[PDB]
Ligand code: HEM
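Just one chain follows, in the form solved without the named molecule, and it is written as structure tokens.
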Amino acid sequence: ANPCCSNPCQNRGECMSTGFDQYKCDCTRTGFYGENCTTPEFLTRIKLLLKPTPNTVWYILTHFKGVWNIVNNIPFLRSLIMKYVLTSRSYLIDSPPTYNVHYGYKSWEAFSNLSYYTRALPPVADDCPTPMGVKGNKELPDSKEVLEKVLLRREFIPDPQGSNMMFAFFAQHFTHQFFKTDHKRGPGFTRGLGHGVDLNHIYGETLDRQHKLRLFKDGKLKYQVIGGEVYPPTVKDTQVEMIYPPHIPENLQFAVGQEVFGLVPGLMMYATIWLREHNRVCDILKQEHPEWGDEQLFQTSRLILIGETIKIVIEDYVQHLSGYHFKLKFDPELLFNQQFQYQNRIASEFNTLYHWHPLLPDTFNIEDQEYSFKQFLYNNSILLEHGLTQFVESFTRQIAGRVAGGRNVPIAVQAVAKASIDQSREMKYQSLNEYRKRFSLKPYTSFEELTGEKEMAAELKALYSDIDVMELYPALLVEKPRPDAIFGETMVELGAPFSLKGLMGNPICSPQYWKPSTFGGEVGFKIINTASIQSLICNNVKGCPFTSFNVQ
């Protein structure tokens, strides 16, 4: 019924109904005009020829390594390029946010209600004839069939980029502070009202939860010592609610910021490391400020660990998966002379892109042991058995699975991979090509172009019939990977804008926050600016084991 169901407006134009069977496109500041905003203005036509393809920019950044060696050592030039990286990506994000799962039009409810994930593209109207709008059949192909044919893992396909389990669990740990779906309300809702990197997975979402976790001495968080090693406190000691099976002994019920981090020892490993990092920073700040109280020591340490997290994510984590030879740089000053909104709203699609199920291995290999999913889940006894040192060394060695390329989703999490499909449909997501156009990508003309091969493409064509009906999430996992890369084009070109906007949109990156006094002086400021995944492990894990996000 809705005349906008066909998504007629192009180039980020906005569609509005002007009757029961008529519409109008708002071409304001899109650079285009005409009925569907497809006729480019003069300046627009120029940029279309100048601006390079994303597979060209990716090529430049991931090749000419000898040239980048020169550029990386020229601070002026390095800053110039990183500046362009930050600005060009964040331009794709609406800020302040617009739509959510319940509003395909702008409204104060959509803006003000922080319980929603926001949406980069509006939901398909409920009164639309087809799930994608007007194209396709009355119902999308069976999600179980999509899963089994092109998603489920036959043989384990390792990541050619060499991403290890330190990378895998970091991603899971890091993103679970702003991906906290409120399953009581629905998949389009979140419990992470900070909508960013606030480290609530360490300190707790609520003030009540934070105080139960705090020692209230020297700004530190509560902890316990087991075998001479520092571990998180227990549920019994702090009364913070955690998610554990009833058969789990209460001395193994560790209490941390995020309630689900008891799920896997890999998450509990990072929770422990970050816990130690907080208290380490407390000691350092106390050395500098003996006149400071517990409260200021805590708050300043939290701001410092936020800085470290963003530092590490940009210069280690993102640096790895991007495959760039350009040396990425966390420098908030790069945006001080730029137009930039220091705010963020977590997008539903960003959460969907981050469903990296194929990343998981078939077994979790710690030391000489090889644990199954059943043995690994909710089993912190494994962590106490081997220790953090053995955990880091083992996870540094074990490679992770390739995400793009198809058929690499471990069958142990098939219900989870199917939920992504189902829930994406439940949230009325628009098609793959709609999202590609939204982020300046050309639509795929065939399933073969999408997969880069023949077999899976044929399988998908039997299911979806039309390429313009192809869903976003399963397309990410079967997409033709970039040359020896872990991802396809869609994953990176869509995800980077959400990521960098979330990282740089943090208030500590703003000019009034980004100064030594915010972090207790130059000493605390230096902790942020010299942070790395290696130094994080070195300072907090016994023996200072070598670590990295790739296998050696």
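Residues carry their position along the shown sequence, with the first being 1.
- Looking at mean Cα B-factors across 241 to 249 and 203 to 211, the upper value is held by 241 to 249.
- Per the PDB record, of the two stretches 48 to 56 and 481 to 489, 48 to 56 carries the greater mean B-factor over its C-alpha atoms.
- The maximum CA B-factor among the listed residues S499, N69, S510, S517, taken from the PDB record, is found at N69.
- In the deposited coordinates, the residue among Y435, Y429, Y464, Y342 with the greatest CA B-factor is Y464.
- Sort the chain's modelled residues by C-alpha temperature factor and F395 lands in the middle third, per the entry.
- Per-chain ranking of the deposited C-alpha B factor places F76 in the highest third.
- Ranked by C-alpha B-factor against the other modelled residues of its chain, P96 falls in the lowest third.
- Annotation for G192: CA B-factor lies in the lowest third of the chain's modelled residues.
- When the modelled residues of the chain are ordered by their C-alpha B factor, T352 lands in the middle third.
Here the subject shifts to the form deposited with the named molecule bound, a form of this protein not shown in this document.
- The stretch from 300 to 308, 124 to 132, 221 to 229, 346 to 354 that comes within 4.5 Å of the named molecule in the bound PDB entry, counting heavy atoms only, is 346 to 354.
- Proximity to the named molecule in the bound PDB entry, defined as a heavy atom within 4.5 Å, singles out one entry of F254, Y203, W274, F169, which is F169.
- Interface residue among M269, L263, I467, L472 relative to the named molecule in the bound PDB entry, by the heavy atom within 4.5 Å criterion: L263.
- Taking non-hydrogen atoms only, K236 never approaches the named molecule to within 4.5 angstroms in the bound PDB entry.
- Under a 4.5 angstroms non-hydrogen atom cutoff, the named molecule in the bound PDB entry has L377 among its neighbouring residues.
- Residue contact with the named molecule in the bound PDB entry: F179 places a heavy atom within 4.5 Å of it.
- Among heavy atoms of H183, some come within 4.5 Å of the named molecule in the bound PDB entry.
- The candidate site formed by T175, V416 and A419 is fully in contact with the named molecule in the bound PDB entry, as each residue has a non-hydrogen atom within 4.5 angstroms of it.
- Taking a 4.5 Å heavy atom cutoff to the named molecule in the bound PDB entry, the one contacting residue in 110 to 147 is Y117.
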